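There's a structure below that I have some questions on.
The letters A, B, C, D, E, F, G, H and I name the chains in turn, as written, and every chain counts its residues from 1.
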Amino acid sequence: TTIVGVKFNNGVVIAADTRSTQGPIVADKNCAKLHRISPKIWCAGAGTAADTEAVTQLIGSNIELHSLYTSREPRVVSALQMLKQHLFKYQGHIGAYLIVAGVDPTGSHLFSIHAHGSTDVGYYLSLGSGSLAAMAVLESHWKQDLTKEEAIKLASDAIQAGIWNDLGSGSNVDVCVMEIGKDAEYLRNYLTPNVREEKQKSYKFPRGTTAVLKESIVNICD
Amino acid sequence: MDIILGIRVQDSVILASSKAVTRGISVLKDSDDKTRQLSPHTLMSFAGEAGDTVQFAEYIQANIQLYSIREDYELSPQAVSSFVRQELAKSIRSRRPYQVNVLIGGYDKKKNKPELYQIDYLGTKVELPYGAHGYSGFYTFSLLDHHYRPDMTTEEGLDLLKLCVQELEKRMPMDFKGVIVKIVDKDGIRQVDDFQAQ
Amino acid sequence: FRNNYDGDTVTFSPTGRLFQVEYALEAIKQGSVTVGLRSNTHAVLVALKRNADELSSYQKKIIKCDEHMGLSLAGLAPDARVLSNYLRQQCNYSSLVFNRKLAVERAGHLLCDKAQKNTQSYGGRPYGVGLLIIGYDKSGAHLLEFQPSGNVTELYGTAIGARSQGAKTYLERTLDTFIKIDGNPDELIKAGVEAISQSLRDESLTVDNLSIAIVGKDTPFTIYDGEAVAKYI
Amino acid sequence: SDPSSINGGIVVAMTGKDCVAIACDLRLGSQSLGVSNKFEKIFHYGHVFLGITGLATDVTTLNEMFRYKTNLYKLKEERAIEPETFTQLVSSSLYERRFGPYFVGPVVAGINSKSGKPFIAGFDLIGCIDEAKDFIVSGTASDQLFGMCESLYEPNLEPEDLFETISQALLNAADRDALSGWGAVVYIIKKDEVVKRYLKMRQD
Amino acid sequence: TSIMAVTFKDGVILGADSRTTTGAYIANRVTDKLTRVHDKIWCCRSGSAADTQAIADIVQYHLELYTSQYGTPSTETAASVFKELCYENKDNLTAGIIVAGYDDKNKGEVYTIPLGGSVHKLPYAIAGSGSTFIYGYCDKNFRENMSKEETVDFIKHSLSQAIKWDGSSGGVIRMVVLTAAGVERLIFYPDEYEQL
Amino acid sequence: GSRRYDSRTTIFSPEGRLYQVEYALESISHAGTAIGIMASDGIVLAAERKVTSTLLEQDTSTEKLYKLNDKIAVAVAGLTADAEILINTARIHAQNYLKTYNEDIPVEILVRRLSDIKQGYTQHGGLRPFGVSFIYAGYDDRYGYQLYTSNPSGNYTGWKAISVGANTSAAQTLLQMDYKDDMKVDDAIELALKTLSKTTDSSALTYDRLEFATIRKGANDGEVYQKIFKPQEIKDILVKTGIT
Amino acid sequence: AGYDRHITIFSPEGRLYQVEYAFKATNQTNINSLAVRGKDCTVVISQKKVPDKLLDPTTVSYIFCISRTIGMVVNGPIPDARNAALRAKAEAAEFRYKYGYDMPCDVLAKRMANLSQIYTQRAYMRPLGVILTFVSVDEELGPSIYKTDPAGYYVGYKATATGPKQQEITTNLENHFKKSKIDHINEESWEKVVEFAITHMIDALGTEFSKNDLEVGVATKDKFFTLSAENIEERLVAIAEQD
Amino acid sequence: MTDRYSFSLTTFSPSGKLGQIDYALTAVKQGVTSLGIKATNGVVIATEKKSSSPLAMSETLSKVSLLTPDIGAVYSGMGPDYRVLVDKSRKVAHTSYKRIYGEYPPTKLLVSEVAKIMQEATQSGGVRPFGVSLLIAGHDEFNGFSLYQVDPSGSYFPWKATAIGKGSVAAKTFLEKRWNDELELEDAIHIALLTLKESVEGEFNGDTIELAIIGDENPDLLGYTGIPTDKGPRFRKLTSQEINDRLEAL
Amino acid sequence: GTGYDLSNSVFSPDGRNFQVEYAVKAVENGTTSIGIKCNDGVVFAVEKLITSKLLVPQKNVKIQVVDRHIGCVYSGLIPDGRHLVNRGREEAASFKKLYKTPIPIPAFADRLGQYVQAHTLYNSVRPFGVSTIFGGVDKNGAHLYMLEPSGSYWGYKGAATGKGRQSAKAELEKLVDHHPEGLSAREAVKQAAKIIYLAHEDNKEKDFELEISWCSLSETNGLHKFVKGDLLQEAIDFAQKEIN
């Protein structure tokens, strides 16, 4: 997996590849790794997939309830604090490594959380097996005061470094832009540089090819 | 392990269970009956961990008898086996699981058909024409895969078992001291006292 | 009035009284008399044992709590068993944990607090027994008076139970005298029997009717009953 | 040792033109010993189908659990649960046992009764949902299944065609796995009808 | 990690490198190890980042509730809360913490809570993997009652050496000056301290 | 203390009666009438909706007939909310049984469990009993069609025809007058409507004031079918039977 | 039957007497307080009465600092007031710990109001005989005043008053705002807002105040503090050089 | 300490009445009027913002609350009781449904959960019933639009239209006259305003009236874009301005 | 109606808690005790009625210490007083354990305050039957406090409670007026002995025993200590002399 977070002049963007794997086998060639904590707080995770997903929905659920209770927009630091205290409590057994980004009444934010519960703040971040390939790109092109467009490019280029050079990553690039004054814009499959070529042949079998021993209708209605 | 075998013929289910109880270097008993009657038409055989084995059998027996009294009815073989499977399935995830495998042979008076259920300590249940627990299965499944027939009579079933026991007494490393055979059919459960030379 | 404020120990009356506590105190007054007095070397307990029938025994009223401490009861016997048992444990804890004999003054504080808890909470009841505690510790002979209200007081001498007032005035008079009965136990006991008989009226203290206990400088708390008290009647 | 390799078994689901197919083998063994050639791994609640590979006792237990939950769901909701909703129910039920998981590889197949849209999904033993549009595989011969599906599959196959494709995928994958096979059953699902066929296959 | 706290004439100063590694990989090269638990009570963390952050967050919570009820807490009290958490939970924690604070009555103070959970009040303290390399340097160059400028220099030289020999230390040098005048944040880049 | 405010919901009267149960029953007697009639080929459940309005949504409403199983249903007479608490636990008990034995729960086992829960609020806990009476209509392969009734006391009994709620005395006399062992579902449907029709405290008996359900074993199938009639369906059966 | 007046259960009129009697207790201290919002501050004024000469005047207060940003003035017996203050502090400290940001004035108010609603529904808990006025300059809402009573009710105010002569102060403030047409004291400094507050406290109560007859709490961006006798005296002087 | 009130506070009286529930209903009767009307393409619920002082900011007090993006609630009776009920309802929608099925609960089930909570305050030890009646309006895919009333007993019923509180008898009568199964949302909003006017004594404007509807999806209120299947909440509170515009056409 | 005074946490129609008020009666019926704040410490004195010659003199101590810098004395039900001090001790130990520094007097006052107020919140407990005078020296001065059965407390210049609280308060007020600059620990000890003697007239029937304790930054180093021997007699005399 390759996920990154990049702050820009008026917001923050996160991106991730779309390859899901079980050992060396690619299970899902186009899964979505960008999750929503709240409308404007998005998250990307690496590590035990069920864990990143569950921890994201749990805090997301509580963040919604907290928002309704306080009549205020959810804050990124709240998602950060709730996630970290939860992860810490489980001493790393919940293998969730995340990059949480978002905009709220106090501005734009970019954080990283590790399974054991520690958090970090930065202008550019990467996590996952593609972490190093992406960071090599970020350390080579990042600069302060990037424009939304430059940020999308930098983040997009970072996931690509991971897609091409990391076996744990591949397929497409998903992006989500969070700008201080507008709605968050989720760009699913923002890039698709890995389309499978047309197969050389069609394996459509002539009907009757498969030997059948017995047949019957199944009752669905009650 | 001990020998636990079961075969379902035309109108009955026959259960054969080894008589030996061995600990270490000594065969302590050679007339052990590894069975418990759960209800007039349902019999259960068992093999496994030294003390767990009987404690489990008797615990199940106690519950079925309780249900019978409370409902003045006899649960079907399928119902009893599902109850037993759930107990084992709970146990496998408990502090100290019951390490017992069982065969449940019953005659369903409502369907008028014999039924044989094989269930291991994990709560893995399957309904079969014939079944076995332990190493026995390694010589009896293919033997029966060859000699077994659906429409067999109880008498044919007994001859089929005899063929099984002989194979086991020939190739198995342990002396299991013969088996006790019981028949479960529309009239209940009866023990074939003459298998020591049938 | 009262009837509306004496239903439980968690209720104050319009004048600031706790009737359940006062009713418990009444169980003491109805109890047989017992007396306590000390010099500078010893402390003595003299108690009148009461009997149901002339076919029954005279219920014991003195309990030993440790080699250096003991008490006499007046009122509900079971409540005395409970309190003395708690005292036996506190004495025990002190020895086992600190290798220190429990100070009579501390024993009194512990009892006071244990009784106080049953006077501020719902569901419980005050204890219905009075206790006289005697003991010899690192500061000499001691005598304490325990009331179910939780009030514990240190005295040179005192008495509780029915007609206790007699013996008490006697001691308040004999004070300067017995407080000096040092080095002579028999005298202190006699001085006690004399104080107790100041509360008689029904009969006269007999052999299986009188109970005495003593503790001091070189005397572990020991109880004398029957033939053992004959030489004092 | 490995709870997922004790009993053996496979399940595979595929989407077609206004249809879905879910198939499974019938084997149930104990290590090398084949024990039952009638252990089906596909179940259904209303029009939603669920296949389950892995430890047999958990396969059985989970089916009884989902029958139980979908029953209450219908009584309360007053409608049969849909594929998408059931997938979420499976996921949360699995994750709820995060540190004492059921050793299974669930697979959901069905057609949304309101949108008529075909649906399939897979899960790891703790609930992570795999939502592919083409196929989902599970079991001891999953590597082989991935190979067959990736090769044999093509979009919008008609029921009669999807049947040939799913069957060939299952059959040939099972034959390269010692713990799978021993019979197979295939379900072809359409908005209106469901056909169930038992395949003829090697018995070794 | 290289962290230290030094008391001086006008109060106390905390300094630290900014490198956090996971193996030989630098996960963060601009980490901020100077953690605020109260206005003028900060701490430097070493050991498990998850652990020290959880500790710091709880301490901050306690000092905030303390302030609400009894007013500003003494540096000694802050060191006490850290201690309680580190000692009582020594089996499940890997945290080395240096507490530094400025009091008007007590001026600057430094307390170091090493791995076991014991507390040590000192004129100055150093900790972290990089600290082993500067025990000699610091011992020879430390003086009591130095001036702000001298203290900032002592810390800058000490840490540049720690960063020099310890691969786990690096990046920039952050400092926090705590005095009656207030709170001041300082930062020093490589190109400066690397050539000292 | 608190003792002062404790009503003591679980004590005997000097006559050996349970106050709260008696009072809960009194409450039930003012509830819309519910009737149950068992026939040879099925069972009928009918209930009168107490209080209605022009604006009440009858299509989305259900205050008296609930499905507990695919083979068991109940008619309620009493506090709807209380009934719902019990109905839900009944539904769970039925599924636990199914999961344990892989067989649908026998009608009496389920009725007994529910009655036992009620009995408890009668002997311990210090809580008020549930102000509810149920008429259970179900089918199992051991006793076939069955009709039971349970009330606040936790006592239950079986019937061929029974009523709960308001005017049960009048309803029972009418039922005991026209019921016949060899009746048929359709005969029962009609008997039920006629009875309610003569016991109603309302002007006429319209469809918007009724709930109907039948449990039949559709000859063309072989299985048991529950049918909670829809507004229109009730309006129909209402005209046919001659009540228009 | 007649016990529907001892615990919090409904009376045949659907009333909760214990809650009404709790409201009565809020005036037991015979003190009046009021709160007004400045342009970027919030001021709370409360009469300070110290009858006993044996008392240490410095320890007599009904204004509390709940958190660095939230201030709370209480109308009611001191013990219940302190019970409420301690809880609010604990609640404010916990919120910051769990959610990562300072508990907002209105949220703390809702929280304490909810806690109060509970004493109103559970029989073993008595309501607290106090009314709590919370103030601050919220980072999102600006100057804020939220008050909660023994019924569990709470709302935000443009300004508010509480105590025996609450009505007089209220109408006075009402009239001023009907006039100004704005919902706050259009003053840039808190000193002048405090002066406005005290000025109207005098007009409405028809009473003069010395530096020891008042108690003042002020809320500004990132801080809430109370004034000293001297800070107030300086205020009293200023208003005197206008009349 | 320790709640020792483990017995019921609501019990049956000789007549069969449950006193506390009856009294709770009487409290609801004294409460400000509130109503709900169901249209073919929406539902509207409204009530009067009976400000307790001109110094109070009536906006900081919402009598109409969002429970889920497609469900809203309003009430009559004890405001504080309602507030905590809303908190509990919002949470039960998550714990008992969204965290299990990954989707918000249909109106009838969430209503069922709320009703359960209220029934328990009628039987559990040491508590009194909630002194409120709620009107819950919502929408869900398989049930469409719906309106429900939940009373202190825990009982609930579906409505085409209804009113609760102070002048509910008169308001209901007025609704029975204007309601029909063909009303469009705007029509219901209009009838809602007319009905509410008869119950309001003083000022009647967008600042004294609180009204919300359950209608079409509001993608503009979603907060993000990029996911087709997510079109926004159906619950929307009308603005003071939106209310006044409709009052001129009163 | 009536009966608002039979249960502890009940508000009477006038907003009062009658049980707390009755608790006060128990306090006013008790021995008199006082506290005097001096320029660098505080002094505590109390009347000890000599029930009889049997009471071993100087043995039944009433003033109690908390931690090492706090003194506590009370009038009313003595056992309730001990109970409150035990709590204070646990409370102080807890504070020191977490914060290292011994507990500040204000902080300590609230600990006792909250605990006492807590006993007016439920009908399952009774309010405390004592008013407590306590204080000591800390990081910033001396502090004197008095806590009522309601949980109410304030800092004091001088304080008294018990049978002769009026005499005492009158005397304390004089001192306050005639010493705006501040009394000294040495002076306060004598002045305290006098007030106890004067205030003993409201009980002049029974003989008594004087008990004093103090905590002064200069005279005791900030530690609470009892006044004994020479300093005690010297104070006793100063009283006996001005009592005539």
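Criterion: a contact is a pair of C-beta atoms (placed from the backbone, for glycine too) under 8 Å apart; a residue touches a chain by one contact, two chains touch by 3 or more.
For the pairs A-E and F-I, the count of C-beta pairs in contact is higher at A-E.
Taking each chain's centre as the mean of its C-alpha atoms, the one that lies farthest from the centre of subunit C is D.
Between the CA-based centres of subunit B and subunit D the separation comes to 32 Å, rounded to the whole angstrom.
One simple way to say how far apart two chains are is to compare their mean CA positions; for subunit A and subunit C this gives 79 Å. Inter-chain centre distance (subunit H to subunit I, centres taken as mean C-alpha positions): 56 Å.
Shared interface positions of subunit E, defined as residues touching 2 or more other chains, are 69.
The set of subunit B residues that touch two or more partner chains is empty. Annotation for subunit C: residues 10, 122 touch two or more other chains. Contacts from subunit D toward subunit B in the complex involve residues 7, 28, 30, 33-36, 38-39, 55-57, 60-61, 100. By the touch criterion stated above, subunit I contacts subunit G in their complex at residues 1, 3-4, 7, 9-16, 37, 106, 110, 113-114, 116-118, 120-124, 144, 150-159, 169, 172-173, 176-177.
Listed in rising order, the residues of subunit H touching subunit F in the complex are 4-18, 38, 108, 112, 115-116, 118-119, 122-125, 143, 146-147, 153-162, 172, 175-176, 179. Residues 5-6, 8, 19, 22-29, 51-56, 59-60, 77-80, 82-83, 86, 119, 123-127, 129 of subunit I are the ones touching subunit C in the complex. Of all residues in subunit F, those touching subunit I in their complex are 1-2, 4.
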